[PDB]
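Heads up: the structure comes next, in C-alpha cells.
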Amino acid sequence: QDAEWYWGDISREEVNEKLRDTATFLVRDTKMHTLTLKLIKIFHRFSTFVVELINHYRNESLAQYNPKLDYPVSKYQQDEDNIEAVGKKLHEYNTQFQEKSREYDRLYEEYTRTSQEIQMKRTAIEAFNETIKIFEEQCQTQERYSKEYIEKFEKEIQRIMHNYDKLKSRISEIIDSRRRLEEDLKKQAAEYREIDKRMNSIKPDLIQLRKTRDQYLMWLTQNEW
Amino acid sequence: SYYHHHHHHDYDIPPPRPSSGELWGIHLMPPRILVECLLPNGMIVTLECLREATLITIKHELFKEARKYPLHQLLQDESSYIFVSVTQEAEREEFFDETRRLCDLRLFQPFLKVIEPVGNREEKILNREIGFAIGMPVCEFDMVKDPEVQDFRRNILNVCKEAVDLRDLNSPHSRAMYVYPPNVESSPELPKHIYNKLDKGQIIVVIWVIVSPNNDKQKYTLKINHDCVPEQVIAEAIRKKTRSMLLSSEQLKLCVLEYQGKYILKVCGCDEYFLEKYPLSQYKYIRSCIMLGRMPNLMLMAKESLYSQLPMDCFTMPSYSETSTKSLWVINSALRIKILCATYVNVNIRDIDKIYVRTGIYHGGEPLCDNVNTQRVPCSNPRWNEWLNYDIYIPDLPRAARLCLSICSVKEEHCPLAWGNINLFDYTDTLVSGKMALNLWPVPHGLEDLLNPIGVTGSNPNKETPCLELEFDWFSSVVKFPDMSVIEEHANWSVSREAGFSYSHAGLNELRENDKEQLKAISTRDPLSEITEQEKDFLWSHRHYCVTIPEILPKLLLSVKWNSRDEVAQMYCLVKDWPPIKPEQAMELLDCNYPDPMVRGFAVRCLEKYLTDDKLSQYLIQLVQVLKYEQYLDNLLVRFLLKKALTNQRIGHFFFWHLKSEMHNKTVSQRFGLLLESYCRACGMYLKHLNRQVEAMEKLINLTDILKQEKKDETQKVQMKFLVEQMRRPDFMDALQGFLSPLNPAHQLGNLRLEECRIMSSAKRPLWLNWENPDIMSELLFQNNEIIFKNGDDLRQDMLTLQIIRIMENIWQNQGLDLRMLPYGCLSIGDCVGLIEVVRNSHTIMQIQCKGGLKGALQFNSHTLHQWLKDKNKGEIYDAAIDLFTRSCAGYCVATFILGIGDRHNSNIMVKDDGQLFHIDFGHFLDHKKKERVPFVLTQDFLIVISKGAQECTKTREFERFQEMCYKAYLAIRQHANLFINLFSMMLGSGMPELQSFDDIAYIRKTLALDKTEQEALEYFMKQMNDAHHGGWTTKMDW
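From first to last, the protein sequence lines are chains B and A. So the first sequence is residues 329 to 351, 354 to 359, 362 to 365, 369 to 372, 379 to 386, 392 to 393, 397 to 398, 401 to 421, 426 to 434, 439 to 512, 518 to 586, 595 to 597, counted in PDB author numbering. So the second sequence is residues -26 to -13, 2 to 308, 321 to 409, 416 to 513, 521 to 943, 950 to 1057, counted in PDB author numbering.
Laid out in C-alpha cells, this is it:
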C-alpha cells in the first residue's frame, strides 16, 4: 500500500515545498475532517474504488468528476550501503550549495551596489550637462554686453578679455570631468552585465545540487551539516 | 603537518545610498571653499566663502567685490535679483531663502549664478519645501507625461479640499483638535486588573497652574472618579483654587462657571492635550500612570494661549487645474498576445543552451493554463514573433486581470532571468491594445519560480534594462469594461436562468441542510489553510447562505472561479450590499490575494464605517504597504488614507514618514512621491515641522556616513573628537537644536546637550543623542529626551516585530491577562537608517554579570541577576518586582516562541531596575536559519528570580504560577491568530527578505499549531517547551 509516492502524514506546507519547482501528482491526508495536483479532499466511507484510485487516475482524465480535471514524481532516488558514507557524499554535495549560495549571494550584493552606483553616475552626468549649459549661457551673456561697450580698439577692455577667457578654459575643464565620468559608467555598465551573466550561470547549478542533496537527505532513515 | 602540507594558491590578504554630502563627491565641504559666483554682466568673479555662510552674506560681499570689477554700472541694487545653481539632484534651483547656508544647498558644484526673480508667485515658486521634504523635486513630476500620473495630481485634490474645510469648519477648536488629536484608547470600559489598582473608581491627579507672577507654579492635588471628563476635572481644580472664607458657596459656584470653559487640560512636559470629553482613564497618559503606579500631572492651559500657538493653514490650490466604441462582452475571440523581441538579455553563451519567454494570465492566482512561447534564438538577439493563445474568452477576463511573464534559460535548468507584469485594463476601465514596451525587473534573491505574479505590476523605470516589446490584439475600437448597471442585468438573468435545470452536477438541492453548517467550521479557519476545490464548489453553491455569516466573505472569494464572467457578475452583486464586517476581517481584503476593486471598495467601507483613529494608527504600517498591490494610482484606499492623514496630524505624521521611508524603493517611488506631494501641499503648517525633521535626519545621515566609511580604522577617542567638533559647528546647532522627534512628535527636542551625546560601541556607529525638553513642566515628565540614530541596519523587520509585540500585549490585557512587554519605539526613516527610543535604567543580562563579577576565572554566579535585582528592590518592593519580572519573562517567552525570532543570549535581553525584562535586536524573525524551535530558553538565572532565589527552582509554586501564564497567553494569541496572519500577509510587498511569500508566513501556523485541537496545542506547546528546557513542563490542563 506504501505505493512509493505516498508520504503518509507529511504536513500541508511541505507538500507545496516538495511540489516546489514541479511542471505532477502527490498525496497527503484533521482525521475527524487528500490529493494535491489544486487540492482535492478524498473520502473513504470525494464525489466504487483507495490505492486502486491513484492507479485509476494514474493514466485516466479526471474530467468525469469535474471539467477542471482533464508524473508520479515521488522517486526515492536509489541512484552506497554506508549510512555515514552516502551521508558523507550528500554532505560533501551539500558542502557545495553552502559554497555555491555564498558566490550567488556575494554577486547579488555587488549586483545591487553596482546598480545603485550606476544610477548615481547616471544622474551625476545630468548634473554636469545642466551646469555645462549655464557656463555656455554665461560666456554668450558677456559678448552682448562686452563687445557692445567695446568702443576703444582704452586699458579696461584688455584686462576684461583675460578675465573672460578663464570661462572658456573652465568649460574645457568641466566637459573633461563629465567625459571622465562617462568612461567610468561604461566601465560600470559592462561590469554590471558580467554579474548578471555569472548569476544566471550559478543560478541553476545552485538548483540541481540543492535537489539531489535534499533527495540524498530524504533517502535515509534514522541537521549535523 | 596539520593540513597535509597542501597550499591554497588562490588566497591573498586583499550600505549604498545617494550622497547626503554638501558637494558631489565630498561628504563634508571645507570650512573655506572657492565659490565661482556668475553675474548678469558675464564676469565670473571667483569667491572664497565660509562653508557655513548665509546667501545674504555672500550676496552682500559679492556686491562689495562686484564694484571693483568691469561693467559695475550694469549690475542693479542688491534687492532687485537673486541666486540660482544646479543641485546634487540634477535640477536648477532658484534660492529664495537667503538665510540658507552654503553647505545646506547640496550643490552639485560650488558655483552660483545671479538672475532677477521670475514668476511673480515667489511664494508659489517656494514649494521646493514640498520637494525638499518629499525627497525629489516637484518639478520632476510636471515633466512626467503619463496621463494617469497627471490625472492623479489634478483629481486627488478633491480629498485635500474636503479635508481642509473640516479642520477650519469649527475653527479654532477644530484646528487644535486636528493639530493635537486626543490620544485615547479603543473603549472606555477598563480591564478589571487595571480597575483593582485604583480604589472603587477613584484616581488621585495633580493639576498645576502658574497664575500672576507667571513664573511660579502651584499643584492642586485632588481625588476624582476615573470616568470624570476633563471639563469636570477643570472645574474641580477651579473649585479647589478659588475656595475662600470670603467666598460663599453660591459666590464660589458662579465663579467656577465663568472661569471653567476658559482652560484646557495638557499633559505636563510633552505636547499631549485632552480636548475631547472621554473618561480620563481612556487617555493613554492616564492609563500608563495607573499601571506604572504614577500620579497624573495635567496642567490647566488657557484656551487663549493654546489657540495663539495654532497658525492659519491658508491652503491654496496648485498651478495645475469617445462614444465608448465597443463593450467587452461584445468582443468574440480568445485572448491573443504577440511577443516580439527582447533586447538587453545577457547570459554566458557556453553555460545556457536556450532561452524562452514564459507568460500567464493572473488574478493574484491563475484563471487559465500558463503557456510558454517556443524556446528559440538562444545565444543572442532573441526575436521570436510568436502570438501566444490563452484559452479564455475575452469577455470572461475579470476587471483586475493582469498578464504575468518572465524570460528563462535552460534535464532541469529551469530558472527565471527577468520578469514583469501588465494590468490588462488601463486606469480608465479600458482593455489594452497595440504595441507595448516593457522593461523587466531583475529576479529577487529568493525565488526559483519562473513567473513572480506578486511582482509589482508596471514597467521597471530603469531604462538600461532588458526591454520586452509586445502587441495587444486590436478589435476595431477601444474596448471598455461594462458599466455596473450592465453587469447587474447579467447577474439577475443568470439567477433567473438557474431555476430550470433538473439533474445535479459537481458544482451548483434548494433545501438548506442543518448538518452542512460546515461553513461556520470553515469560516473560523485561518486564511493560510488551503481550501479544496470540493470545498470551493461546496461554498460557491451555498453563496446565498453565507450572507448570514458576514465573516466567511474572504473564504468565499477564493472559492469563486474568476475566469467565469457569470459567477463574478453574481459575486459583484453579493458584495455590493453584503453586511459590514470587523475591520481586522476587512483588512484581509486589501492584501495581494484580493485585487478586485469591488471587493476592495467594500473593504474600505468596513474601515470607513468601523475604524477608530486609535486602531488605524496601530495598523497604519500595513495599510501603507498594501498600497503596492492596489492596481492604479487613484484608488479608494489611498483617498481613505489621505483624508485620515489630513484630518489627524498624529496619523498624518506617521503617514508621511512611512511613505518617505520607502521612496528609495523604485517600485513604489512614483506612487509614494505623488501621495507625499498631495499630503505636503495640504497638511498645513506641519510641512515646516516636517522640513525641520527632514533637515535634521539628513544632517545626521551625512555625519554618520563620514564615521562609517572615512573615519573607520580610527580610535573612538578620535571619532568622538570629530563628532563633538562637527556638532558645535553653526549649521549643526541650527539643524538639530529645535525640532520634534519623529519617534513621537509630542516630545519636543531643543538645545542638544553635547555633554551626553556619543557614538556607541557598535561597528555601524549609531549616534546616541540627548536633547533638552523645553516644556515648562520638563521636571514632572522627563528633563532629557534620548534617542539612537542608526545608519546601517535595516530596522523595519524590528519595526514590525515591535508592532506584533505591542499587539499581543493589547489582546492579553483585554483578555484580563497582565503580561507586561516593552515594545520600545522604532521608526525606519529611509534605506537601512532609523531611530530607536532609549529606555533608561535598563541593562543587558551580560552587563549585570560584568558589574556583579567577583575576583574572576569562574562562571558568574547565576544568583548575580537575582542578587543585582534584590539590591535594586528591597522591602515589600521585592515581591512586586519579581511579579513584574515574572509576568514580562513569561510574556516574552510566548511571543518569541510564536514569532520564532533570533536566538536570545545575555547580549539581547534587557532587565530594568524595577524588574521588567525586555528583548532587543530581534533581527531575522521566522526561522530563516534553516537555509519549530524555542528562541527564548529560560536558563537557570531566570528561574532563580522566578522562584525567589530557591534551590532546585523547577518545582516551586512560583514556577507553577509561571507555567499558567504561558498556557493562557499562548492560548490567548492562538484564538486571535487570524489577525497576525493578515498583518504578516499585508507586508509581503515591503522588500523584506523574511517576507518573500505566503510560504514564509507559514511558520507561524506550525508555531500556533492551528492544525490541532486547542487542548492538543497546549500539549504540543508544552512538548516543545519541555523538549527545549529539558524538563518541568508536563501534566496540567483546565479546571
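Each residue gets a CB set at the ideal place from its N, CA and C atoms; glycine is no exception.
Label residue i either buried or exposed according to how many other C-beta atoms from any shown protein chain fall within 10 Å of its C-beta, with 16 as the threshold for buried.
i	result
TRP669 of chain A	buried
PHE398 of chain B	exposed
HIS554 of chain A	buried
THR74 of chain A	buried
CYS984 of chain A	buried
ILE225 of chain A	buried
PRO(-13) of chain A	exposed
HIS(-21) of chain A	exposed
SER292 of chain A	exposed
Does the ligand ZN have a heavy atom nearer than 7 Å to the CB of residue i?
i	result
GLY463 of chain A	No copy of the ligand ZN appears in this structure; indeed no ligand is present at all.
Going by beta carbon distance, what residues of the same chain come within less than 8 Å of residue i, once the five residues before and after it are set aside?
i	result
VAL955 of chain A	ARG916, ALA1046 and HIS1047
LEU896 of chain A	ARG832, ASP926, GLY927 and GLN928
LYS264 of chain A	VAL216, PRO217 and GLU218
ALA442 of chain A	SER464, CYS472, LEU473, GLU474 and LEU475
Taking just the CA atoms, how far does residue j sit from residue i?
i	j	result
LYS253 of chain A	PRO757 of chain A	15 Å
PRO305 of chain A	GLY842 of chain A	28 Å
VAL371 of chain A	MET479 of chain B	37 Å
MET697 of chain A	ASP300 of chain A	6 Å
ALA747 of chain A	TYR452 of chain B	57 Å
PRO57 of chain A	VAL706 of chain A	42 Å
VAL559 of chain A	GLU542 of chain A	22 Å
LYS506 of chain B	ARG88 of chain A	36 Å
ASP84 of chain A	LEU42 of chain A	8 Å
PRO175 of chain A	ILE593 of chain A	22 Å
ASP155 of chain A	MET563 of chain B	58 Å
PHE480 of chain A	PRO134 of chain A	23 Å
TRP574 of chain A	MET610 of chain A	13 Å
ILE559 of chain B	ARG465 of chain B	10 Å
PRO754 of chain A	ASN803 of chain A	15 Å
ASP330 of chain B	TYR431 of chain B	12 Å
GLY12 of chain A	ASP538 of chain A	53 Å
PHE666 of chain A	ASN1044 of chain A	42 Å
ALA341 of chain A	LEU523 of chain A	57 Å
Suppose the cutoff is 7 Å on Cβ atoms and the five residues either side in sequence are ignored; what does the same chain contact list for residue i look like?
i	result
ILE823 of chain A	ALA990, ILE991 and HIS994
residue -11 of chain A	Residue -11 of chain A cannot be placed in this structure, since chain A goes from -13 to 2 without the numbers between.
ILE442 of chain B	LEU584
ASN885 of chain A	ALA893 and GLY927
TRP590 of chain A	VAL559, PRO562, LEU565 and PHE614
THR33 of chain A	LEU21 and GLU23
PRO487 of chain A	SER326, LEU327 and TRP328
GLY122 of chain A	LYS672 and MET675
As a quick exercise: from the options, pick the residue whose alpha carbon is nearest that of residue i.
i	options	result
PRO397 of chain A	A:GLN269, A:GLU76, A:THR435 and A:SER67	A:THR435
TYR463 of chain B	B:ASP578, B:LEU570 and B:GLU537	B:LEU570
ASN347 of chain A	A:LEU327, A:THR659 and A:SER379	A:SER379
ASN785 of chain A	A:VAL151, A:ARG975, A:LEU779 and A:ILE799	A:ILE799
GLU341 of chain B	A:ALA1035, A:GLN1042, A:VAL151 and A:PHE1016	A:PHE1016
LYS561 of chain B	A:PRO539, A:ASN467 and A:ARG349	A:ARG349
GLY865 of chain A	A:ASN853, A:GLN879 and A:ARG852	A:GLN879
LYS656 of chain A	A:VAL151, A:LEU847, A:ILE102 and A:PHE801	A:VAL151
Whole-angstrom Cβ separation of residue i and residue j, contact assumed at under 8 Å?
i	j	result
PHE477 of chain A	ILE360 of chain A	In fact, because the Cβ distance is near 13 Å, the residues do not count as touching under 8 Å.
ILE663 of chain A	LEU628 of chain A	6 Å
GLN643 of chain A	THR462 of chain A	7 Å
Below 6 Å CB to CB, which residues in the same chain sit around residue i once its five sequence neighbours on both sides are set aside?
i	result
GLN728 of chain A	none
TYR294 of chain A	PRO159
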